[PDB]
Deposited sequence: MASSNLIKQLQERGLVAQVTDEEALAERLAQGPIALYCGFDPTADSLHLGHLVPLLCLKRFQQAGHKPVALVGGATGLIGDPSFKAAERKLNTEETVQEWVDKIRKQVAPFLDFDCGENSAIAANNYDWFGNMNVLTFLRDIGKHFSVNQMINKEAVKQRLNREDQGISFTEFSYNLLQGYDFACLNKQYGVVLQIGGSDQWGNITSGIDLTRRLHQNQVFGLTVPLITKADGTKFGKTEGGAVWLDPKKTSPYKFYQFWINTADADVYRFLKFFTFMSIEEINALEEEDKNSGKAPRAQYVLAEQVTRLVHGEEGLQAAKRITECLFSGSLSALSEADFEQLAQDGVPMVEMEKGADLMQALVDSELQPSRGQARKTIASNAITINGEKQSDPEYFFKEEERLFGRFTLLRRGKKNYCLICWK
């Protein structure tokens, strides 16, 4: 039973008419969907939870529909958002749509028969829909009394200063209709999303009954929390140009012991049995398994090997295994970096990188044997870098003591 299997992973926040959904799933394959709005040029870790859930359903033989909000991205979802967002341009939203669609596609199977994935975009129906048609055909089924009582907008309906525009207030109708539209087009009978999407989902269920006289279901995943009350992902992007695979891998390695088992359940396809066994076997690790699984899932085997290779080289000081592409990950976000003109001495490089406060102090620190250049000790305070120390003619990795790195990027 798929619903019970998801509940055991702690992946079910809320579910409608649950007994009936479980019975529908057990009977045969269904079509389901989750939408993702284009509010940036990439998805982030938070978005990964329902995206992996679409895959969990597909592995059970169901048909996933990944909707990208080409139309909803021009409106703005206010759900549990403290402030009104500035409208984005049509050209920006279109660019983000294509990037998000391309990022989503490798997570699902588009070539596996009847249950092959479908990419959808709500601009296909809203982009040319007449205003009177929308207000009459869709709007008439929506009670403003119920809308103002949706939890997702209550913090926006107390004062105009932290208020809500008619634009963002209409959002709930667009997501609501998307569900009716997908039900009619593909027979989609389930919509999943994070717990903040509950109200947008239930409006879709009700509208589908009113428009198409069809019974559909909703299921939400909990919004991932940290035991120490801090905000999760604080952002970790899926795009390697925004968050390098090394940084991505490191974020998972540094998961708190209190979160690692929940994160294994949420971000991996590891069985609940292996995770429970890992928890018991660790009390007599999990972070290493988590980092490995999620880095491989998002950045591939090559991304994972790069992340591990960079981690080992930094821990050891032996950099010979690093490629120029690995140094590009370090320069992007892996370690602090400083741009310097060739000809700078070791003392100046220590000052400019802020590893040392002055040339006079840097001289003593160098003399004390605290400094490595590409992993090799250098204790001559009057030292100038050799050309061979500018790896690929561009990079020199400085270290002060055991762990304070700064990458020099030669101009």
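Judged by missing C-alpha atoms, the gaps in the deposited chain sequence fall at residues 1-4, 239-242, 293-297, listed in sequence order.
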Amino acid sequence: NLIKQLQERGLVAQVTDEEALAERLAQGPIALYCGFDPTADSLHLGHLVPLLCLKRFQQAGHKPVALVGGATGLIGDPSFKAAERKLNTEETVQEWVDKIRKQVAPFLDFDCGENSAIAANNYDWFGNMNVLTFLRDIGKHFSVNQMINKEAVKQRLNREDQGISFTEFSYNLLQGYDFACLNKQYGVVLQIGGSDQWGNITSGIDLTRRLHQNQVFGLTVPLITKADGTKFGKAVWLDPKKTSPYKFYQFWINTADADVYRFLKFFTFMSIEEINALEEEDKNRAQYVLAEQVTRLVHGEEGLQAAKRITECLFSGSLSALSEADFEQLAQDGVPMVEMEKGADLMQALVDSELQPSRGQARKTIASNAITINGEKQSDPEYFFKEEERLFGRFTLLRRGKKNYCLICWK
From here on, numbers count along this sequence of modelled residues.
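Take the two forms, find the largest set of C-alpha atoms that superpose within 1.5 Å, and that set is the rigid core.
Taking the root mean square of CA deviations in 4 other deposited structures of this protein after fitting on the rigid core, 240-248 and 156-164 differ, and the farther of the two is 156-164. Superposing the other copies on the rigid core and comparing 173-181 to 81-89, farther C-alpha placement in 4 other deposited structures of this protein marks 81-89. Taking only CA atoms, the mean B-factor in the PDB entry is higher for 270-278 than for the other of 270-278 and 89-97. Averaged over their C-alpha atoms, the temperature factors of 393-401 and 9-17 are higher for 9-17. Based on the entry's C-alpha B-factors, the most elevated value among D137, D196, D326, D124 belongs to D137. In this structure the maximum Cα B-factor among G61, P64, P50, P381 is found at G61. Among all modelled residues in its chain, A40 ranks in the middle third by Cα B-factor.
When the CA B factors of the chain's modelled residues are split into thirds, the value for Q348 lands in the lowest one. In the PDB entry, a CA B factor belonging to the highest third of its chain's modelled residues is recorded for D111. Per the deposited record, the Cα B-factor of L219 falls in the lowest third when ranked against the other modelled residues of its chain. Ranked within its chain, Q27 lands in the highest third, by CA B factor from the PDB record.
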